[PDB]
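A.B. asks: what's the 3D shape of this:
(3 chains)
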Amino acid sequence: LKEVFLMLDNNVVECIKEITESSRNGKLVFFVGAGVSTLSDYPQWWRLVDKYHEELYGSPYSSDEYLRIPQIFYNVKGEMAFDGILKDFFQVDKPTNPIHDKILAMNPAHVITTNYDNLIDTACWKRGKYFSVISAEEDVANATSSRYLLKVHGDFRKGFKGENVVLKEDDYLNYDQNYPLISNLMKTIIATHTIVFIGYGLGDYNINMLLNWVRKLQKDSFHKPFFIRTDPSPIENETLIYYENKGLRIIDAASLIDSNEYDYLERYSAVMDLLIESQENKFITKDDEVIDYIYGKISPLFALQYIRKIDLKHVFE
Amino acid sequence: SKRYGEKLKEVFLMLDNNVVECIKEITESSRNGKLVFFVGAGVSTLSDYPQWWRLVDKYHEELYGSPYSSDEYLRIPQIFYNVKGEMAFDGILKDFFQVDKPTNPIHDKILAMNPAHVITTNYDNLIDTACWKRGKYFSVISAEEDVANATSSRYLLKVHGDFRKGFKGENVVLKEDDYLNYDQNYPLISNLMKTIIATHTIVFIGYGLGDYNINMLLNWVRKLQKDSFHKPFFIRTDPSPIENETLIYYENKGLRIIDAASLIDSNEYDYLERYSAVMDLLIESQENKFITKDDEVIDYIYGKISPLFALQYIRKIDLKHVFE
Amino acid sequence: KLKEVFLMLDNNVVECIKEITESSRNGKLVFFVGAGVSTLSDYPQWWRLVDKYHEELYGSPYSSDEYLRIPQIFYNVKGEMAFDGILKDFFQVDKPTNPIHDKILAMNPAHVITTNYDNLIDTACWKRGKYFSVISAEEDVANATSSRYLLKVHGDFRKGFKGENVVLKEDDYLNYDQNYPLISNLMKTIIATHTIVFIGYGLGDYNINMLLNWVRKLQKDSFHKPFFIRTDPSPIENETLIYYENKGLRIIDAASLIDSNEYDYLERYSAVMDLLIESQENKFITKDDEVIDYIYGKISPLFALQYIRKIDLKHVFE
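C.D. replies: Numbers count the residues shown, from 1 in each chain, chains lettered A, B, ... in the order given. Right below this line is the structure:
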């Protein structure tokens, strides 16, 4: 890892820098996708689609088929059957993977997630972090804390019901209509904080929607969000530039380390562990860097005529 | 030929009541001059027009050097348009689409059904060519400036543009950005399309039930008041018969599906006869090839003649016009 | 006088008249009729309704937004039943049609779009013998019996004198796009495909500015500029004219045309309407250049043919 940091690309180390400074400043927000939840063996949505498909046609997928078959099942089988399959599939207990702990160890100001599980919730309670968990419209006004655990797609705390969550089509279609405060809160958090996307694919629907809204913003009015890519293959150079111009700052796990095709946990950890250990590290190697770091600590003190030497231990922490 | 006529007569005889009603309503709208065809890429494919997946294949080749979900068909062209120049995108468009193709018999059948307008998502000139030969003039509208200066009453509205101005990407709705900014870039085209759908009887042909345009239109149809519109007819020509659940799902969304696979038996890759089964059912229903009982004869002649009961006498030279 | 005022017309006014008459001959003329034509027939104005709503809401008696908010408050407080009762007792009257209704019909418009919820235009069409498919509800668009529409974009009282059938209160204008998608789409299609003449609007009307806002979204030259007949008593200020003409309107001012009293709205409407009607047969030919231009416009298509029958030339020149 220290060796891995030594030949890290200059862009990645710079990306590691801004993430770390934001974590210290208390303005880091993690956008956690289903990939992190899948690491904890949570029931993936594709098997929910498979079950809905089996109960519809009798025999077991494009992007809209993930949204259409649940919508077809909801229309013709009803709300009880849709939630009945939801309950017997999602009412399970799953342990929090170490990535959930590593996400909290970054000390995020807020945690935005599209997961409807409570894995981050129980991870937060085990760690001891307090987050005001918001998954519905009323929770925004009744939030008791500044730190938000924003489940933009809802969860099953109220119950294993389809209305509590954004699963099928006509939930993504009417998302802005049924979640105006939650969508506003998510956009406000993204505008004012530095965002790291983790557990998301580069072609994920939510990433495109957020990138679609980002293009509406004026140039350089927003901080470019950070994306942790954990796909088994290295990202293509042409795809990378496309998403960087869209507004994402991509950190590619497959480029950082050599890993197996199905070993996602090591891919997630290699970026999380590199992020965690960069918190103490000063990224200090050359003499020009050494003067730059000491100057940053000392230059504000130039306003003062004299500094107590015993006070200098606070300047350098 | 003759055996096809006999088989078609048999198919119509065993046709389901709902399908018979759909055919009758379509023919009545054709007679009324209120019929509009919404032609998809399946009809253009039936003439071996280069499908978009080959274009995405070439874009992927030029992008990564190696050779698709629903998002990919729109994203990979956008990837190419961004990382590469507009000139390369337009050059690939030109070398793939600057071809001439024959007009398939489905084009001729569509025009023989006498459509008041023809809306199409195809950027080819195949429907233009078919319209031109039959002697019926259609005001082709493919750009924004074409809406205002529309010459005639009949519009051939290409909602996704075409290559009449040139083989350039800005004239067509191909990549992901074009679909995102379609409403802003095509206000008048979209408005005209929606008005034609609202005021006419629409028949979708050449589309899959999971098509982007079909889903978008059904999304707009949701916003309308209940029973404020006429349900468009959908001619489904997929190899396998439509599932009952999918059928009821899409019928409750505001579609009247005529499933070609459910009407006739055909081979999996045999699309042309699946299109021709429905088209010919409609046409020979128009040509009265399907009436066989004396009750139908009296009903047809009464429908032609009963309005003339208001008049006292009718010239025999006009009775020829009454029966076309 | 009509001939005399014609010989002194501004060049742009003559061009506007030429365009309007050319579109009328081609059957591509549509009249967007405002409340000014309706009040000319003494149909009750909306400010009297606002006055009654204020009198019931408060003791005794507005801003532009108040005209929509006071009815909104009265609705929300007193009830749809009370709103219905006031509308019924105020609007269930019989008023004769104006000569300007007959003038608009004599212009032979392809469609008549109107924000009026009265039946004055319907009565004029029925009297003149003009058959129009009246579209005032959402279900009327699909059931229209003809391709010539009498589009009442704000509804009317055919179904009943109920507030739900019309667009009066503040919520109606807020939810108009959600409540009237088909009617608004048809209106915008007619605007895009036809030549539009606005009559009965005050250039500061809600609907005029909303249409101008929608026109703003359209491409630079994808649309034709609608014509606006301004019949306010005072001549339009030059800066206001420049502003509204740069927004996509071609304004013909009645006050700039003839001189009349402040309250002589009938005369101001009639001046423009008769100047349009009497120009149908006129060809605007004074100089030899105009003679050659007109004859060339008639003859040049015949250059494709190798020869023309002389007896067929009477059809060329009508």
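A.B. asks: alpha carbons only: can I get stretch A:28-47 in PDB?
C.D. replies: Output of stretch A:28-47 as PDB, limited to C-alpha atoms (Å, rounded to 0.1, in the frame of the first residue of the first chain):
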ATOM      1  CA  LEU A  28     -17.000  14.800   3.100                       C
ATOM      2  CA  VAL A  29     -20.200  13.100   1.900                       C
ATOM      3  CA  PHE A  30     -20.300   9.500   0.700                       C
ATOM      4  CA  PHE A  31     -22.800   8.400  -2.000                       C
ATOM      5  CA  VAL A  32     -23.100   4.700  -1.400                       C
ATOM      6  CA  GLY A  33     -24.500   2.500  -4.100                       C
ATOM      7  CA  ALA A  34     -25.900  -1.100  -4.200                       C
ATOM      8  CA  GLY A  35     -22.400  -2.400  -4.900                       C
ATOM      9  CA  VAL A  36     -21.300  -1.800  -1.300                       C
ATOM     10  CA  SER A  37     -24.600  -3.400  -0.100                       C
ATOM     11  CA  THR A  38     -24.000  -6.400  -2.400                       C
ATOM     12  CA  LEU A  39     -20.600  -6.900  -0.700                       C
ATOM     13  CA  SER A  40     -22.700  -7.700   2.400                       C
ATOM     14  CA  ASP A  41     -24.700 -10.300   0.500                       C
ATOM     15  CA  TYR A  42     -27.800  -8.300   0.400                       C
ATOM     16  CA  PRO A  43     -30.500  -9.500  -2.000                       C
ATOM     17  CA  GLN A  44     -29.700  -7.900  -5.300                       C
ATOM     18  CA  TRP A  45     -32.500  -6.400  -7.300                       C
ATOM     19  CA  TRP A  46     -31.900  -8.600 -10.300                       C
ATOM     20  CA  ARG A  47     -33.200 -11.600  -8.300                       C
END
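A.B. asks: that one: which residues count as buried?
C.D. replies: Residues of stretch A:28-47 classed as buried by neighbour count (16 or more other Cβ atoms under 10 Å in any protein chain shown): A:28-40, A:42-43, A:45. C-beta: built from backbone N, CA, C; applies to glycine.
A.B. asks: take these and keep only those in helices.
C.D. replies: Under the assignment DSSP state H, these contribute A:34, A:35, A:36, A:37, A:38, A:39, A:45 to helices.
A.B. asks: quick check, nearest of these to residue A:102?
C.D. replies: Of all those, residue A:102 sits closest to residue A:36, with 9.7 Å by Cβ to Cβ.
A.B. asks: ok, for that closest one, nearest residue in space, not its chain neighbours?
C.D. replies: residue A:199 (3.6 Å; Cβ to Cβ, 6 or more residues apart in numbering or on different chains).
A.B. asks: what do you get for residue A:217?
C.D. replies: Closest to residue A:217 by Cβ to Cβ, 6+ apart is residue A:191, at 8.0 Å.
A.B. asks: if I look at the one you found, how far off is chain C?
C.D. replies: 27 Å (Cβ to the nearest Cβ, to the nearest Å).
A.B. asks: and which of the ones in helices among the buried residues of stretch A:28-47 is nearest residue A:171?
C.D. replies: residue A:45 (12.4 Å).
A.B. asks: what's the closest non-adjacent residue to the closest one?
C.D. replies: In space, residue A:45 is closest to residue A:66, 6.4 Å off (Cβ to Cβ, 6+ apart).
A.B. asks: number of residues surrounding that neighbour?
C.D. replies: Per other Cβ atoms under 10 Å in any protein chain shown, the neighbour tally for residue A:66 reads 17.
A.B. asks: one more: residue A:81?
C.D. replies: If we define neighbours as other Cβ under 10 Å, then residue A:81 has 14 of them.
A.B. asks: that one and residue A:55 touch, don't they?
C.D. replies: Yes. The criterion here is Cβ atoms under 8 Å, and residue A:81 meets it with residue A:55 at 7.4 Å.
A.B. asks: so the closest residue to chain C within the stretch 151-300 of chain A, which of the three states?
C.D. replies: Residue nearest to chain C within the stretch 151-300 of chain A: residue A:177 (11.3 Å; Cβ to the nearest Cβ). When classified by DSSP: H, G, I helix; E, B strand; the rest coil, residue A:177 comes out as helix.
A.B. asks: how far away is it from residue B:202?
C.D. replies: 27 Å (Cβ to Cβ, to the nearest Å).
A.B. asks: after the helix or strand where residue A:251 lies, which helix or strand is next?
C.D. replies: Assigned by DSSP states H and E, residue A:251 belongs to strand A:249-252. Counting by DSSP H and E, the element after strand A:249-252 in chain order, helix or strand, is helix A:253-256.
A.B. asks: wait, does that following helix contact chain B?
C.D. replies: No. Helix A:253-256 lies out of reach of chain B by Cβ under 8 Å from any Cβ of the partner chain, never closer than 15.3 Å.
A.B. asks: ok, back up a step: please see if the strand holding residue A:251 touches chain B.
C.D. replies: No. Counting by Cβ under 8 Å from any Cβ, chain B is not contacted by strand A:249-252; separation bottoms out at 14.4 Å.
A.B. asks: mind listing what that strand pairs with, with the direction of each?
C.D. replies: Here strand A:249-252 is paired, per DSSP bridges, with strand A:226-229 (parallel).
A.B. asks: which helix or strand lies directly C-terminal to the strand it pairs with?
C.D. replies: Counting by DSSP H and E, the next helix or strand C-terminal to strand A:226-229 is helix A:237-246.
A.B. asks: between that next one and helix B:52-64, how many degrees?
C.D. replies: On the basis of axes from the mean of the first three to the mean of the last three Cα atoms, to 10 degrees, helix A:237-246 is oriented at 90 degrees to helix B:52-64.
A.B. asks: give the other helices and strands that helix A:237-246 contacts.
C.D. replies: helix A:205-216, strand A:249-252, helix B:72-83 (3 or more Cβ pairs under 8 Å, 6 or more residues apart in numbering or on different chains; DSSP states H and E).
A.B. asks: make it 10 Å
C.D. replies: helix A:205-216, strand A:226-229, strand A:249-252, helix B:52-64, helix B:72-83 (3 or more Cβ pairs under 10 Å, 6 or more residues apart in numbering or on different chains; DSSP states H and E).
A.B. asks: CA atoms of that helix as PDB?
C.D. replies: Taking Å, rounded to 0.1, in the frame of the first residue of the first chain, the C-alpha atoms of helix A:237-246 are listed here in PDB:
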ATOM      1  CA  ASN A 237      -9.200   5.600 -21.600                       C
ATOM      2  CA  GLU A 238     -12.000   6.900 -23.900                       C
ATOM      3  CA  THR A 239     -14.700   6.100 -21.400                       C
ATOM      4  CA  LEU A 240     -12.700   7.800 -18.600                       C
ATOM      5  CA  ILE A 241     -12.400  11.100 -20.500                       C
ATOM      6  CA  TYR A 242     -16.100  11.100 -21.300                       C
ATOM      7  CA  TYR A 243     -17.100  10.900 -17.700                       C
ATOM      8  CA  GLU A 244     -14.500  13.300 -16.500                       C
ATOM      9  CA  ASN A 245     -15.900  15.900 -18.900                       C
ATOM     10  CA  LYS A 246     -19.400  15.000 -17.600                       C
END
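A.B. asks: so what's residue A:6 up against?
C.D. replies: With contact set as Cβ atoms under 10 Å, 6 or more residues apart in numbering or on different chains, residue A:6 has these partners: A:13, A:285.
A.B. asks: repeat that for residue A:244.
C.D. replies: A:11, A:224, A:227, A:250.
A.B. asks: now with 7 Å, please.
C.D. replies: By Cβ atoms under 7 Å, 6 or more residues apart in numbering or on different chains, the contact set of residue A:244 is residue A:250.
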